[PDB]
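Only one chain comes next, encoded as structure tokens, the form deposited in one PDB entry.
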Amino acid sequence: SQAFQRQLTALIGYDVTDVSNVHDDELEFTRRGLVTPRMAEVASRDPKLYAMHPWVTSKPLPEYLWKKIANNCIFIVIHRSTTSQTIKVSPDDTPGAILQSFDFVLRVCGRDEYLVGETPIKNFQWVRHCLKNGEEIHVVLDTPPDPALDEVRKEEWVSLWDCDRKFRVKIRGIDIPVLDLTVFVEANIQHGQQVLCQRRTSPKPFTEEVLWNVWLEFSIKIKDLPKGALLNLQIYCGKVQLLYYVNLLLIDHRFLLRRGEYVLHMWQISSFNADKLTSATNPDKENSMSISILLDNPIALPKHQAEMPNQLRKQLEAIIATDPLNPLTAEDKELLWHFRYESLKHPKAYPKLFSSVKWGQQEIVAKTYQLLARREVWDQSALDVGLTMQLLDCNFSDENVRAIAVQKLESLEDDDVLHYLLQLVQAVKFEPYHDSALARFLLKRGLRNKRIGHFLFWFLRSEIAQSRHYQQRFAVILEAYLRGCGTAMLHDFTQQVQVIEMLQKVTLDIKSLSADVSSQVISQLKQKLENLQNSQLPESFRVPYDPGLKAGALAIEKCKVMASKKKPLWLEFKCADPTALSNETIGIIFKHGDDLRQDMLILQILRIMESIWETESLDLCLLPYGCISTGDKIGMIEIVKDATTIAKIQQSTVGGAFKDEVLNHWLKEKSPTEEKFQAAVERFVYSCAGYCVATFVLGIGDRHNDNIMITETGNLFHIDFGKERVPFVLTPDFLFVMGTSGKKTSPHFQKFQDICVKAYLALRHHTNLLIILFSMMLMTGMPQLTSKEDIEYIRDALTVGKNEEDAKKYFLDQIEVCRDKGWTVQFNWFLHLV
């Protein structure tokens, strides 16, 4: 009867039904509320295309991928059983057209990946992958997968503007189980980041319980309170210092004003952090500080039923023209609002326009909704993700404003959703209420596409497993997905969850036995792994970072604990698919100890940078490997085949000291033919510039060379994204490959500069998008770096306000700063330990 709910809880990692940490029914209200959204998307989804989940794109084929096609022909090798043909086809041919040259369907050899539907083969991502990598398109004639397998289980389920009183709250007192300075309570009325009104209490001596019993009367009137308005209670001591915080929505999910007694358990500090805005309370009731308060005045918020001077218009357009991180003066705001209707014609003015609204004022908000009612330009405008994300950040608490951002997301094809999914999932932390347009948007795009749904699951589970601030919310959303994804997915998820759970235990036990690394622990590992092969590891499970790949039995011989501070497991799996015409294992690094969430964000931005470069016909051969945060301080990473670190190349031919020549003839040896050395050297030139530019922008380029890797075919790539300085790594050994020895300029070194610039200016063309991603990253992902100082790095990095020519100068100077420092920093890392 209810075994399903116990099944669901073990996949989510949290008990949705639990009510030990709440003071209203918003979570439960959101469960019931999310049912329609699910049911509708389940109802309407095409079952045949659902089971096969064809991953396709409407984007044009890039210039560099065309060049790898001769005479509008591509080869496709179909397999029968032991036999195989090799058809010729044109790019624009549909899989129907191709199949009718021989019901069946064309499945990719090795992977649960299908080539079906009315798109030209040039528009499948697998075909674009084969062409990019220079591999041939193998596929096995197969039966379509039964949609009966994807079945879903059968489911069962006084006006506010008429009160001229000033809002007030009573602070009864504060209490803390365990604790010579004094302390007070600060009360703020807030809308987004904006503080509409503020009041303090008189200081008292800080004992383990402190009672005040005061009313704090605020200047704001009850009618002027906007929907979303948080009451934010903070505790300072003292030269002041913040110790604890907590928030309470003054208008609930049913539009009623909040009333009565509350005992709220607070969050402790150790700055803009997403955690500071949460409606959640601390679930640790035994140790947390608690504040007690009283609200009393049932009141309900209603639901809404010339030419301009030459000079002033330019003043307006300069304001619209600035970056998202450029502040607005009171002068700027009054202008933007006065000329309201001129500003509405420009989609780009929107973030700044709605940051000019006085939200603590009933009539202004009313006027603002009349503005949103009259939006023809916005609804017509071409989708701009940069502008869309802006309206979903921490500055916008108004549901109606945020809703026009989601409206624009509706038009994104699936491929583009994948590109932004993680960030949109992190953007849910900025919503005031648990139920929201954004939550529903993610829910249904995941219910429509198995690939989206897969990564949606893992991104949610990641955040539920290591955030007490938002797990309650993310949990509710996950359940809502799992109840729609289909029995075949829930099966697949349950195997993935088990495998990682079995592997965690092994890691806990192993870690204890160490203090470098012995080989008795290597056998102890291989012992327990062999013991897991028959109890109770399933025959097959999907690779969470690459769900097409089913991985089966273990190659116990090749598995080993890594020579590293955290003792990660270096595992290797056989493939479960007989039809895979290869024999390379699946290599996974399983890591317990650290939080991989920051590693995801960075790698996901790397993929966004690629897609940007793609739109300007550029390819810089970045290598963003699979990396999934799977649980509390655990996760999996992809092993890149035929790869080694730049530092280990030094420990061979030198073994403190560094030599220039070494890298070049490491490549020379690993390349058989001369052409392949020359192929592999150019891949190094692209790689290096791409990774140089990309780290400079993100401000993570000054790295230690045991964290830079390279493939035998010359592809460079950074790893592990957890005095005097260098803007990025361009060490003399790299330069040696490029054919410059101190101070020269090779035909290769100049092309490196030629690309570096093209890359940089290309990124610059999407300044706003990158500025807003960076901002969100730091606020939702990295609780270390969150201030004006931190976030404003990228403004400088992308050289806002400068022109295309002067920026080029700026970057080429950064190339020379590196040149001028050689091995100095690299040595200094080594020196500083000693």
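Just count from 1 along the sequence shown to find any residue number. Only residues modelled in both forms are compared. In this text, rigid core is short for the largest set of C-alphas that superpose within 1.5 Å between two forms.
We do not show the form deposited in another entry, though everything after this point is about it.
**Student:** Just one of 767, 799, 786, 57 has a C-alpha that shifts by 2 Å or more between the shown form and the other one on a rigid core fit; which is it?
**Tutor:** Spelled out, the residue whose C-alpha shifts by 2 Å or more is 786.
**Student:** Aligning on the core only, does the CA of residue 593 end up 2 angstroms or more away between the shown form and the other one?
**Tutor:** Moves: yes, 2 Å or greater.
**Student:** Honestly, after the rigid core fit, is residue 346 moving at least 2 Å at Cα between the shown form and the other one?
**Tutor:** Comparing forms between the shown form and the other one, the residue 346 CA shifts below 2 Å.
**Student:** Answer yes if the CA of residue 631 moves 2 Å or more between the shown form and the other one after aligning the rigid core, and no otherwise.
**Tutor:** Shift of 2 Å or more: yes.
**Student:** Please identify, after superposing on the rigid core, every run of 3 or more consecutive residues whose C-alpha atoms all shift by 2 Å or more between the shown form and the other one, listing them in sequence order.
**Tutor:** Runs shifting 2 Å or more: 298-303, 592-595, 631-634, 785-787.
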